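**Q** First the structure, which I've put down as structure tokens, then a few questions once you've had a look.
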Ligand SMILES: Cc1cc2nc3c(=O)[nH]c(=O)nc-3n(C[C@H](O)[C@H](O)[C@H](O)COP(=O)(O)O)c2cc1C
Ligand code: SF4
Ligand code: SF4
Ligand code: SF4
Ligand code: SF4
Ligand code: FES
Ligand code: FES
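Protein chains in written order, with our numbering: chain W, -11 to 218; chain Y, 10 to 68; chain Z, 356 to 396; chain R, 13 to 224; chain E, 15 to 80; chain G, 105 to 534.
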């Protein structure tokens, strides 16, 4: 009845065909750490944090965009899984500036939480650290593109949901700006949703900008007005 | 390294040194720090209110 | 042999590729369509 | 290297740009190469046609390519900023590219750079105080079996030395473009001495065929 | 009115009681006396995503930007 | 078993590599092309796949997968969508000069190979992706395709068969990863040129979504002579697994640098000396020899006194053989400077999908610049070994692995020269 056996960490589970490895690991409750996978957008393999080891295999595969063959056995806490995660984390924190005090996602970043719970302790990379000139996406969205990790999730969101097609990658190598080439104010509907999509503090809110910090403000359930959907 | 009568420093020939990053409010074990932040017209992130109770302060 | 049989490419100007591409327009397979004329119809 | 447009009024649309109808006939042929329903694949050759119809491409040209091929403009901006033919800054009539990576550098490339440099005066990246001699160094052009090599517009030059650099630059100043073959013997990639490779004439049709 | 703080007449407001099932939550709320509104737990929907359908031929799932 | 041999004429796969013969359809027919090709088209793709798998054509282009198995992967039962053949004619890997020579001098043999490959899998069209920097040779290839269509040779009723087939030429725009296996496919589609992930292989999703296959110009150009000449005669050259003829391109610090055709199995010293002059200053003057090009670690002199030019032999020497770029470097040359410029090449030509190759090529270029100046301590060269371990095997494409290999080969073999450089800078700065 369309069932495939996957042994997540030895424990067996039946999984429908076609789904990714990460949906199976979330079917058993695990979380493989991730930056450019998102459960509402198309799957791209840019961030490379999502790597996981399959038993009896030389290479380390990407759990975001790997279909399920018959009878897997997946090690989420093996040796080279942890070595690959600490490696990718040590690459990501190189060209990322020292802005964690002045940043706006300082309580709710993902580089910080994953560099705690998966990454290394001592750093390296004595010299370098590129800096990119920031843009002006809109008067509603403050934009510091120095903090960008080029995960390409704002672009997939704009193109597949907002339908605007204004955000683009430009350049090669380290020089990959993510933005509008023509100084154009990205002004459309659902433009506010892009600040929750960007996982690092690059595309942040303009009126909220420097007024709070998320470990103090308490959360409360509520229902919208002014829209019939609520 | 004596501890008592804390005050805010400022830059050499410059502005206030604080950022309102709320690290001190997060770590204050007496919960004596009260920070309210606003940016000024220049665009640098700053404060409005930085109130300490010396009565609550265990130092 | 000792005589170089190129210099046919000695006098290729700028637009010669696209001019030959225009010259090869006919006798060509009819380019099978696929539903819509574009991903945005 | 200025990956933001920054209007610069020689740019800053609308700058007057238009195609000859013969180029419209070209674009008809190029779009008819590709299967119908995927008309967005002709952006690269049509944008190359715009590059050769107007020696450097403005933003009005990218907008016009987007209007003809009915794509969004931002994909055209991505394709134009990604590749290396599409020099977005304006360049001159001639365009010197000195190719140096490893074997070009390993066969004394810097003498060619200094020979260009003191024959022309201006340094890399920028240009002369008129048109037609924008100088850049580049990565591999694919003729590694020869000298550090010289590309002028759609033309190679292989197996050089600084005196041939001076000859080529003075004849380009005269306007008479030289022959685009390599210099100093071995007119193609040959062992320059006794030619110890194939010498006998080829056998022609049916030399040991089996189950044709 | 002397500093600009948030005074409150609320002892019970700063509580949170983390539980593990809805049944023990309802049992504790009915036992200890006060009223209760039990909301719902809303799981993420199990979808099916596919890179191969992100690169399709005739369908409209053509991302055109990666 | 011929003991690893050396090539002799009349058995070369393609003559007229130097342009000395008449180039036209008339000249190709005099040389022996388009001979009995209708009986090759009218015999069946089972025969061509059996012939290619029998001959043992090891695939060229740097990957090294066997070509017969890939063309057998293209035997999906036919659906409502067509099938494509993409002939990859780029030259990156500085040292290459490989199929520039073929695509300038004998394009009719490329049209041979693409027609036989299109018949070999039921393909419908052949897109030939040429490098953008090869404009004169692209016009020559257009002239060859024009004369092929004008003689009624391919097109509708290809060689008198009932099998239509067409060839299109896409000029590139200048890149290096457009030479890859799948960023090629996105460069055809009119996107920006970036690779795709591997779990969709091109035999399932390819050029706009149709199952296509990508083939190097050497494999395509050898592919008609495998069919029109003897069955497994191609495997009479060298060893058994990796066999046949290969171009060898000897550039750099050799006397009269050139390109030759030889056997696959051939000793390296005989390759260097007996076909392209000699090493400048005798054989003893050479410092190192890199085969393959820029995606292969180096070989010191004591190893290359013996090791022949085969895939498995160079893997036993722990260097993955790329494509034919067997170049040398002299004792009087800063190999640290040459390899640091090669890392600057990888920084100039690499996209930025993956965080590992992007950030790692950044660190390796800054660290190799500091080692050219000698501005560190040996813990830094050990950390360079650590990062070159961590980049390799965690990317989309093989450019990250290719950026990790020569740094590894340098740290494996020329350790004390780096120690001497850093000692010199310490003694001068102190
Ligand atoms: C960085 C890189 C460079 C490549 N360069 C070439 C090249 O110059 N020519 C080529 O045909 N394929 C090139 N390829 C693609 C692969 O070699 C591909 O497998 C090849 O086109 C066909 O392989 P095969 O001959 O083993 O079937 C390159 C791939 C990568 C990752
Ligand atoms: S985005 Fe995250 S890592 Fe970057 S400055 Fe902000 S909190 Fe720090
Ligand atoms: S701006 Fe944010 S969402 Fe967009 S690529 Fe950068 S990190 Fe990702
Ligand atoms: S908020 Fe507190 S910890 Fe942060 S900069 Fe100001 S004084 Fe320092
Ligand atoms: S490893 Fe680098 S060059 Fe290769 S796909 Fe990833 S980002 Fe691009
Ligand atoms: S989630 Fe798999 S690569 Fe980012
Ligand atoms: S490096 Fe100059 S031609 Fe290849």
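Ideal Cβ positions, reconstructed from N, Cα and C, are used throughout, including at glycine.
Which value, in whole angstroms, describes the spacing of the CA atoms of residue 165/W and residue 133/W?
**A** One C-alpha to the other measures close to 8 Å.
**Q** Report the rounded CA-to-CA distance for residue 107/G versus residue 369/G, giving the unit in angstroms.
**A** So the two alpha carbons sit approximately 9 Å from each other.
**Q** Taking DSSP as the reference, what is the three-state secondary structure of residue -2/W?
**A** Residue -2/W: coil per DSSP, three-state reduction.
**Q** Is residue 517/G closer than 9 Å to residue 395/G when the C-beta atoms are compared?
**A** Cβ atoms of residue 395/G and residue 517/G: not closer than 9 Å.
**Q** For residue 47/R, go through chain Z and note every residue whose CB falls closer than 8 Å to its CB, in chain order.
**A** Correct list: 386, 387, 388, 389.
**Q** Please list, in chain order, all residues of the same chain as residue 128/G whose beta carbon is under 8 Å from its beta carbon, the five residues on each side excluded.
**A** Only 251 meet the Cβ criterion.
**Q** What number of angstroms, rounded off, separates the C-alpha of residue 406/G from the C-alpha of residue 194/G?
**A** Taking the straight line joining both Cα atoms gives about 34 Å.
**Q** Residues of chain Z with a CB under 8 Å from the CB of residue 171/R: which are they?
**A** What residue 171/R touches in chain Z: nothing, since even the nearest Cβ is about 14 Å away.
**Q** Quick one: what's got a C-beta closer than 6 Å to residue 66/W's C-beta in the same chain, skipping five residues either side?
**A** For residue 66/W, where only same-chain residues beyond five positions count, the Cβ hits under 6 Å are 41.
**Q** Is DSSP giving residue 156/W helix, strand or coil here?
**A** Residue 156/W falls in the strand class under three-state DSSP.
**Q** Would you list, in chain order, the members of the region 89 to 117 of chain W that have their beta-carbon closer than 8 Å to a beta-carbon of chain Y?
**A** Hits within the stretch, in order: 89, 90, 94.
**Q** Counting C-beta neighbours from all protein chains within 10 Å, is the total for residue 219/R 16 or more, i.e. buried, or is it exposed?
**A** So residue 219/R counts as exposed.
**Q** For residue 19/Y, write down the residues that DSSP places opposite it in a beta bridge.
**A** Answer by DSSP bridge pairing, in chain order: 25/Y.
**Q** Tell me the DSSP bridge mates of residue 108/R?
**A** BP columns for residue 108/R point to 147/R.
**Q** Would you mind reading off the limits of the beta strand (DSSP E) that contains residue 352/G?
**A** Unbroken beta strand (DSSP E) run through residue 352/G: 349 to 354.
**Q** Closer than 7 Å between beta carbons: that is the criterion. Which residues of the region 460 to 482 of chain G meet it against chain W?
**A** So the close ones are 460, 462, 463, 464, 466, 467, 470.
**Q** Mapping the DSSP letters down to three states, classify residue 337/G as helix, strand or coil.
**A** DSSP places residue 337/G in coil when its eight states are reduced to three.
**Q** Cα-Cα, which of 81/W, 116/W, 117/W, 118/W is closest to residue 110/W?
**A** Closest by alpha carbon: 81/W.
**Q** Given that a residue counts as buried once 16 or more other Cβ atoms are within 10 Å of its Cβ, and exposed if not, what is residue 110/R?
**A** Answer is buried; the Cβ neighbour count reaches 16.
**Q** Does the Cβ of residue 368/G lie closer than 8 Å to at least one heavy atom of ligand 6?
**A** Flag unset: Cβ of residue 368/G not near ligand 6.
**Q** Since I believe residue 328/G is in contact with residue 157/G (beta carbons under 8 Å), could you give me their beta-carbon distance rounded to a whole number of angstroms?
**A** Actually they are not in contact, since the Cβ atoms of residue 157/G and residue 328/G sit about 16 Å apart, beyond 8 Å.
**Q** Should the region 179 to 196 of chain G be regarded as contacting the region 508 to 522 of chain G, the criterion being three or more beta carbon pairs within less than 8 Å?
**A** The region 179 to 196 of chain G is not in contact with the region 508 to 522 of chain G.
**Q** Taking the beta carbon of residue 160/R as the centre, do at least 16 other beta carbons fall within 10 Å, making it buried, or is it exposed?
**A** Per the 10 Å Cβ criterion, buried.
**Q** Is there at least one non-hydrogen atom of ligand 4 closer than 8 Å to the beta-carbon of residue 26/Y?
**A** For ligand 4, at least one heavy atom lies less than 8 Å from the Cβ of residue 26/Y.
**Q** Bridge partners for residue 458/G per DSSP, in chain order?
**A** Residue 458/G is not bridged to any residue.
**Q** Can you determine whether any heavy atom of ligand 4 sits closer than 8 Å to the C-beta of residue 31/Y, and answer yes or no?
**A** Yes.
**Q** Can you pull out the residues from the region 23 to 43 of chain Y whose beta carbon lies closer than 8 Å to at least one beta carbon of chain W?
**A** The region 23 to 43 of chain Y vs chain W, Cβ under 8 Å: 28, 29, 30, 31, 32, 34, 35.
**Q** Would residue 446/G and residue 510/G qualify as a contact pair, given that the criterion is a beta-carbon distance under 9 Å?
**A** Yes, Cβ-Cβ distance for residue 446/G and residue 510/G is below 9 Å.
**Q** Among 415/G, 416/G, 393/G, whose alpha-carbon lies nearest the alpha-carbon of residue 409/G?
**A** Closest by alpha carbon: 393/G.
**Q** Residue 53/W versus chain E: which residues are under 7 Å apart at the beta carbon?
**A** Ordered by position in chain E, the residues that pass the 7 Å Cβ test against residue 53/W are 65.
**Q** Give the range of the alpha helix (DSSP H) segment to which residue 131/G is assigned.
**A** Per DSSP, residue 131/G belongs to the alpha helix (DSSP H) from 129 to 135.
**Q** Can you list the residues of chain W that residue 19/Y reaches, using a CB-CB cut of under 8 Å?
**A** Ordered by position in chain W, no residue passes the 8 Å Cβ test against residue 19/Y, which lies about 17 Å from the chain.
**Q** Take every Cβ of the region 178 to 189 of chain W, pair it with every Cβ of the region 126 to 143 of chain G, and state whether three or more of those distances are shorter than 8 Å.
**A** Not touching, per the Cβ criterion.
**Q** To the nearest angstrom, how far is it from the Cα of residue 416/G to the Cα of residue 307/G?
**A** Near 27 Å, if we compare the C-alpha coordinates of residue 307/G and residue 416/G.
**Q** Output, in chain order, the set of chain Z residues within a Cβ distance shorter than 7 Å of residue 78/R.
**A** In chain order: nothing, as chain Z lies at least about 13 Å away.
**Q** Let me know if residue 427/G comes out buried or exposed under the rule of 16 or more other beta-carbons within 10 Å of its beta-carbon.
**A** Buried: at least 16 other Cβ atoms inside 10 Å.
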